[PDB]
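In what follows, a structure is listed as structure tokens, so that the remarks can point back to it.
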Amino acid sequence: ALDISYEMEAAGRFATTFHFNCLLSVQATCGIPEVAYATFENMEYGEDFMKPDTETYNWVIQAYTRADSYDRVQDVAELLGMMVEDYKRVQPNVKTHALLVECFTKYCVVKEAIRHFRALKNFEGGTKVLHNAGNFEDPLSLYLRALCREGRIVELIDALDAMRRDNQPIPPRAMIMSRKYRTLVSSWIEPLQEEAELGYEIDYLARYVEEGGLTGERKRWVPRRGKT
Amino acid sequence: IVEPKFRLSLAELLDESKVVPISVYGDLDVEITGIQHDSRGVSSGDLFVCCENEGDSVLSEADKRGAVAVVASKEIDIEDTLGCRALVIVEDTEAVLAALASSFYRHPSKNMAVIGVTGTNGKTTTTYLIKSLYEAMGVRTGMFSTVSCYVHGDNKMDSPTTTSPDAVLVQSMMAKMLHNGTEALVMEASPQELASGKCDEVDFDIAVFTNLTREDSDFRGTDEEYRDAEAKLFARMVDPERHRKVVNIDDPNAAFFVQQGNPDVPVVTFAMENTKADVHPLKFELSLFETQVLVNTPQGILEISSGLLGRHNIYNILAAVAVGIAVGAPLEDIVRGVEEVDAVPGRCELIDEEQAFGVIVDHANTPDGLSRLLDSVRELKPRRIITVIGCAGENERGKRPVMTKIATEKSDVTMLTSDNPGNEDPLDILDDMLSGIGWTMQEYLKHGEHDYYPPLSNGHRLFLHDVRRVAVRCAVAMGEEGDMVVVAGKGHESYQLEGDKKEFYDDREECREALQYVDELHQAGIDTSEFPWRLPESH
Amino acid sequence: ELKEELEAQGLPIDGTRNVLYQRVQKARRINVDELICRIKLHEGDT
Amino acid sequence: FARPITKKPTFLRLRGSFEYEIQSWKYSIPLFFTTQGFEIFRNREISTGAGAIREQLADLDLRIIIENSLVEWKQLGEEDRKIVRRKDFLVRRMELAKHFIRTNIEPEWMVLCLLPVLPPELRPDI
Amino acid sequence: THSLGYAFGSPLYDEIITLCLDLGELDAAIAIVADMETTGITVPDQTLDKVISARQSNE
DNA sequence: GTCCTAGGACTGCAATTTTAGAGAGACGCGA
DNA sequence: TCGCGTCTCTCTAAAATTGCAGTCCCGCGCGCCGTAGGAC
RNA sequence: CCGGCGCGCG
């Protein structure tokens, strides 16, 4: 595609936003945001027919939010600001808000993710796009977890409403079970990280059996050297 | 000790054992210097017996080590694979495995009085009480036990570290004892060994039954087969003059055992609650260091002051009394034999160093045995119970939390460690211990950083350490007046398993060393009462 | 001014005499709205 | 240095870096705990030199460092030279801690176990 | 809670009914035992006596 | 003879060195 | 029978010097001198 | 074919 685009521009037909978006559709998945950002810089400071549109901003943001290493929150924030300053010519769509919610969730900028999730609610599909069919660590589940952890329970309820309206079942990653065998249902009430009375002794043998201790698939809760 | 030498031709071996071969290859007159079924134990000139669960690699290795004739249940091409001069084909190698051993050693069981003991406990305890009792009568006796083997007196035998000796090993070991002048012998007739045929070719005079309970979880059989496994011991009771019956009546399965064999054989019974038995104790006193039991026998009432702990060893005392009444032993020697035994090796061997408490070692590595032992400690009246336990790796992963659960619910302060971590990391096992109480190693280590350990939900304290060494050191240092400290999981053996290397580590000697120097650590101003230790210059 | 030390702990009993001393020495072992609303924020109001 | 590591349990209450050698730790504990096992668990409660520093760096939990630094920064803020200089240390430390998480660098590499040697033809003083 | 398929311990059913009686909410207490019978979960005998006494005390 | 042979000038800045600021446990005097 | 300024420290927040770290044109030509130390 | 010291030229 790049060779053919070079030959096309050599023959006298310059590339427009369409060809650049086609190229960016592959560069955004290479794991190196700098390639997509070089293409974006070529587009942004060029002619009128080369100017970026919503799809271009989406591709560059997706390239930055799914980078392999280093932090890209500042880059995504500046790209968002640039897109905002281009409002007279560009406007967002569902993918823009899905990518921004995912980015601001993975970097724990929760309030910005809430703003963009409110924006995302107005689109049909919506949270289904954010779920990403479970890929990329399921950004919808991570958003729900981030809402639960900080006690933003009204926003969690709104997210549940959006998922119900979108016919989106809550994924298992969002329903992860805490250390005290609790979930997002009861994790923000005054007893924190502790169990209720329940009226009898807890059957720890059943817990040990059901967690894979018979076949050695249990997850031991012991600290270990490593950045994991 | 003297090693008897055995020389027999192959033709004489088959006729003595009356084994009908399927087919015979090679020479039938080859001299045989020994019989071995394991490849790693075959010596030059010995006879090799091949099992059905062992592949062709075992045969080749045996031939390299000096195998001359191979007894196998299936045809094997010897002209191109084995260098052995003869091959014997039999229908059942496992059954003939005991048959070949018995005739090779001239059936040593005929010239010694063999007393059989069976049950879920006291297999080692009964044998030692009988042996250093028959010795009170002046009769030479030895040991056939999982813990240790003795020819006679104090000469221990370097028993291989296997819990179930094979039939050939039993026959070979017995022949060595009889050659050294042994006159009596008592063997552990475990349900596994009796059923598997490891005691088919041994002549038993007296059979002792203690207790039949569903405790061995490794038994590959049902309850009836388990009952019938020990029933084979009493199914051989034919001769009335030579054989005696020793059956515990308190066990509900008493009526089933007493009906086996010839009914005319005399029956000697022992029980505590049931006074209808010949032997029944009248009054017993329990203490932290000695046991006083008043027993009634048909020959008279005996007063016993034995150092054994609790009441589980009383049956072994009663069994020795019952066997003594069975053989008509005078009551004077019965007192001496029982009182001589103080700490059976590998079974509650108390570590006494002039302290205000006791340190015993039990081999219990299963939940049932540990539960029974910890229950038996309670009846000994301990002021505070302290327990040290662990579990192995790469195996038995299903029931790690149950041992520590029973320890926490029965003991006040329970140190935690491993038994034999092996290639598996001990930290994971020690975390698996806390899973049964609601803790994890992460939470417990979080407790350690702030140097404070709030107790359990029932006021019990909990401390933990990776290596058994410092753990048992602190447990010994925390023995107090009226308190009991428990170390378990290792018992008779003296080896440690880390990774793959089998380190040599003994719990009894380490406990002895710990009790030796407990004083200086505590008297120097260190608050050894509980973790963390309040050092004089650390506030 | 030793009664000022009581604020560091839960003040168990104390009060009469020498109880404050024994406790301090043994504690080392453990070791308009209607007008406010008239103002108004304008965040987000370009 | 007392208590060099945390991911392994201890049983002592020595904190900080005691300048003077502990009298009990010199004779009493080694005599009671003998030599082999004592040395086996020796480097888990008391250690010295660059080895202790490398052990401290290896068992660091960077995320816990970030969270503790952030919460201490907030506590300081909610309350003027060294009230600010302590804040700048906290900002510097959580900034430093973040960079290790996203890269492939390990903080224990700041203590060397091997020493690379320059090729001879570049050193025909060094 | 019970719709999910669970079954609490007996003492908690005693304490929640006890609190309602103290607060003067008899309508809840009769409702806690009304659905309990339909669900099939057993109810403590002493809890039956005290709620019967309460409905006999207000008449 | 020798052949191996082992002390400027300025800026920037965090580190000691106070200065101070309150402040409290035990207390000799004292009501 | 306590109560009272307060003797003697007591621990830290806030400046106040103070000892490093760093830097200080470019490009050429020529000469001299290293490479040291000790029991033989 | 390496660095210091001294003296110079533009």
Side-chain angles (χ1 to χ4, degrees), chain A residues 71 74, chain B residues 449-452 525 527 532 534-539, chain C residues 1-31, chain D residues 1-4 6 12-23 46-57 60-62 64-103 105-126:
Chain A
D71 78 309
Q74 298 187 11
Chain B
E449 183 150 9
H450 291 179
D451 49 75
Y452 188 57
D527 187 14
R534 241 58 49 88
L535 278 306
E537 63 279 61
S538 76
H539 281 268
Chain C
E1 68 282 52
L2 191 51
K3 292 185 62 62
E4 301 169 340
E5 190 269 332
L6 295 165
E7 73 99 359
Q9 60 276 13
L11 208 152
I13 320 181
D14 284 317
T16 59
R17 185 180 177 181
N18 287 316
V19 194
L20 171 58
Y21 309 153
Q22 69 188 34
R23 290 210 179 272
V24 67
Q25 290 289 3
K26 292 278 97 178
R28 214 181 304 101
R29 164 68 175 92
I30 66 182
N31 305 126
Chain D
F1 183 77
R3 199 183 310 268
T6 306
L12 297 163
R13 204 166 184 257
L14 288 171
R15 66 174 69 97
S17 180
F18 44 93
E19 305 162 344
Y20 59 93
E21 50 195 3
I22 302 300
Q23 175 63 25
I46 299 175
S47 186
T48 178
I53 280 193
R54 195 174 199 275
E55 293 300 318
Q56 295 173 55
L57 296 171
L60 280 174
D61 197 350
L62 305 166
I64 300 300
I65 294 176
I66 299 176
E67 176 47 45
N68 296 341
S69 303
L70 192 269
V71 85
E72 188 179 348
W73 180 93
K74 295 187 68 177
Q75 202 284 325
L76 286 173
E78 71 186 16
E79 296 180 357
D80 283 311
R81 281 199 174 183
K82 62 110 111 177
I83 195 69
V84 154
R85 302 213 315 181
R86 175 58 182 179
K87 262 183 164 184
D88 302 6
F89 178 87
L90 291 174
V91 183
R92 193 190 310 115
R93 185 188 183 189
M94 62 190 302
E95 180 181 358
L96 178 58
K98 269 188 176 181
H99 283 98
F100 288 104
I101 302 186
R102 282 301 271 172
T103 48
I105 320 294
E106 299 292 344
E108 69 248 15
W109 297 347
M110 312 158 75
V111 172
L112 301 175
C113 295
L114 303 181
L115 194 70
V117 175
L118 190 72
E121 212 157 347
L122 275 54
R123 40 177 177 85
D125 199 319
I126 293 300

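No hydrogens, no waters, no symmetry mates; every other heavy atom, side chains included, goes into these values. Here is how names work: the chains are called A, B, and so on, in the same order as the sequence lines, proteins then strands, and each is numbered from 1.
- North is the pucker assigned to the sugar of G:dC28, its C1'-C2'-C3'-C4' torsion being positive.
- Annotation for D:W73 and D:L90: closest pair N-CD1, 3.4 Å, computed over non-hydrogen atoms.
- The same atom, P, is picked in H:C1 and in G:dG31; the two are 15 Å apart, to the nearest Å.
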For nucleotides 13-15 of chain G, tabulate all protein N/O to nucleotide N/O atom pairs closer than 3.5 Å, reporting atom names and distance.
residue	atom	partner	partner atom	Å
G:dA13	OP2	D:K82	NZ	2.3
G:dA14	OP1	D:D80	N	3.1
G:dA14	OP1	D:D80	OD1	2.8
G:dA14	OP2	D:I83	N	3.4
G:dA14	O5'	D:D80	N	3.3
G:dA15	OP2	D:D80	N	2.9
G:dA15	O5'	D:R81	NE	3.4

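- With contacts defined as side-chain heavy-atom distances shorter than 4.5 Å, the pair D:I66/D:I101 qualifies.
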Listing time: all N or O pairs from protein to nucleotides 28-31 of chain F that are below 3.5 Å?
none

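- For F:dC13, the torsion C1'-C2'-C3'-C4' is below zero, which places the sugar in the south, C2'-endo range.
- Of all heavy-atom pairs between B:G525 and B:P536, the closest is O-CG, 3.2 Å.
- Figure legend. F:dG28 is base-paired to no nucleotide; pairs are counted as Watson-Crick or G-U wobble with both atom distances under 3.5 Å.
- Atoms CZ (D:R86) and P (F:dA14) sit 15 Å apart, rounded to a whole Å.
- Comparing G:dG3 with F:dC27, their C1' atoms sit 13 Å apart, to the nearest whole Å.
- Nearest approach of D:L12 to D:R3, heavy atoms of both residues: O-NH2, 3.2 Å.
- Residues in residues 106-126 of chain D take part in no side chain to side chain donor-acceptor pair (under 3.5 Å) pair, two or more places apart or across chains.
- More than 12 heavy atoms of other residues, nucleotides or ligands sit less than 6.0 Å from atom CD of C:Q22.
- In this structure, the side chains of B:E537 and D:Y20 come closer than 4.5 Å at one or more pairs of heavy atoms.
- Annotated as stacked: the bases of G:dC25 and G:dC26, by the 5.5 Å centre and 30° plane rule.
- Sugar pucker of G:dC33: south, as indicated by a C1'-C2'-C3'-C4' torsion of negative sign.
- Contact annotation: the side chain of B:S538 never approaches that of D:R15 to less than 4.5 Å [non-hydrogen atoms, C-beta and beyond].
- Taking atom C1' in both G:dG37 and H:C5, the straight-line distance is 24 Å, to the nearest Å.
- A gap of 29 Å separates the P atoms of G:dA36 and F:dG7, to the nearest Å.
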Please convert DNA chain G into dot-bracket. A pair counts if it is Watson-Crick or G-U wobble with both distances under 3.5 Å; crossing pairs go in [ ] and bases paired with another strand get |. ......||||||||||||||||||.|||.....|.|....
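- With both ends at atom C1', the span from F:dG1 to G:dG29 equals 38 Å, rounded to whole Å.
- Rounded to whole angstrom, the span from the CZ atom of D:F89 across to the P atom of F:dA15 amounts to 10 Å.
- Dashed line: the shortest gap from a side-chain N or O of C:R17 to OP1 or OP2 of G:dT1 is under 4.0 Å.
- Listed by first then second residue, pairs satisfying side chain to side chain donor-acceptor pair (under 3.5 Å) with a partner in residues 87-102 of chain D number zero, not counting sequence neighbours.
- Between D:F18 and D:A2, the shortest heavy-atom contact is CE2-CB, 3.5 Å.
- Within the 4.5 Å cutoff, the side chain of C:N18 has heavy atoms near those of the C:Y21 side chain.
- Under the Watson-Crick and G-U wobble criteria, each requiring two contacts below 3.5 Å, nucleotide F:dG1 is left unpaired.
- Residues D:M94 and D:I65 fail the side-chain proximity criterion, which asks for heavy atoms closer than 4.5 Å.
- Judged by the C1'-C2'-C3'-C4' torsion, which is positive here, the sugar of G:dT23 sits on the north, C3'-endo side.
- Between C:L20 atom CG and G:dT1 atom P there is a gap of 16 Å when expressed in whole angstrom units.
- Sugar pucker of G:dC25: north, as indicated by a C1'-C2'-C3'-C4' torsion of positive sign.
- Contact annotation: the side chain of C:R29 never approaches that of C:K26 to less than 4.5 Å [non-hydrogen atoms, C-beta and beyond].
- Rounded to whole Å, the separation between the P atoms of F:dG28 and G:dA13 comes to 33 Å.
- Taking atom P in both G:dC24 and H:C9, one finds a spacing of 26 Å when rounded to whole Å.
- For DNA chain F, the neighbouring residues in residues 1-15 of chain C, judged by any heavy atom under 4.0 Å, are C:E1, C:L2, C:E4, C:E5.
- Side-chain contact between D:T48 and D:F1 is absent, with no heavy-atom pair separated by less than 4.5 Å.
- The CD atom of C:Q22 sits 16 Å away from the P atom of F:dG25 (whole-angstrom rounding).
- For the pair C:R23 and C:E5, the salt-bridge criterion is not met [side-chain N within less than 4.0 Å of a carboxylate O].
- Comparing the same atom, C1', in F:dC3 and in G:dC33 gives a spacing of 23 Å after rounding to whole Å.
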